[PDB]
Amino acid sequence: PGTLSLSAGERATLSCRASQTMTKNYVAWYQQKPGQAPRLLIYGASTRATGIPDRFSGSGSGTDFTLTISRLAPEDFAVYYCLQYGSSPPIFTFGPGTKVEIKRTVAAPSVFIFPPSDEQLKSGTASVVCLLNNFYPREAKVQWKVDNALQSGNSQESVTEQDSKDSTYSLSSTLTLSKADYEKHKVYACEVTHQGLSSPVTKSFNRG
């Protein structure tokens, strides 16, 4: 379900892959914003729900159904879901969500590395954190290195929702290992790759 990037006032057309022509015209579209309940926009393929602007519209026949946003207002940016339903027997099947996001000028991440606190090492775990601040587009690759050894499977990633102000993303990667393994190595680095970086950026520290 590929994410859509577009500026305000652009057109978007979401498609729903029906099975057995759905039934009659029983397809609906829901919009959800982070931290919020979904809101119905279209049902019955084409009739709008109460309070939904005319800029939303639905259409289609057979297996092909479509939600068109003729021009995106700032409040239209959200995740959109297709709902196929029927009456005999009743059934209601959400499709995968499609995020619609604000397109923006490219912005390179600012990278920071944080060595584990002496507080945490007292407890026997060592968490190294790599911060990527205010970047667009969302696609970014963090690559931990420990004594020139590429790492995999010992880190977890987290990404903020697009910022209300500058429409940028931020990412945090936490490399976690035991205090014993942490002291067997000297150099810790996270290498960042992004569309805004002409060359990969490496932030690093030597333990102690």
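Residue numbers here begin at 1 and follow the sequence given.
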57-65 versus 141-149 - greater average Cα B-factor per the deposited record:
57-65
Once average C-alpha B-factors are taken from the entry for 27-35 and 177-185, the winner is 177-185
Among 121, 91, 129, 83, where is the Cα B factor highest in this entry?
121
Can you work out whether the C-alpha temperature factor of residue 87 puts it in the lowest, middle or highest third of the chain?
middle
Temperature factor at the Cα of residue 160, chain-ranked in thirds, falls in the middle
In terms of its chain's C-alpha B-factors, the third that includes residue 14 is the lowest
Ranked C-alpha temperature factor of residue 117 among modelled chain residues, by third:
highest
B-factor third for the C-alpha atom of residue 125 within its chain
highest
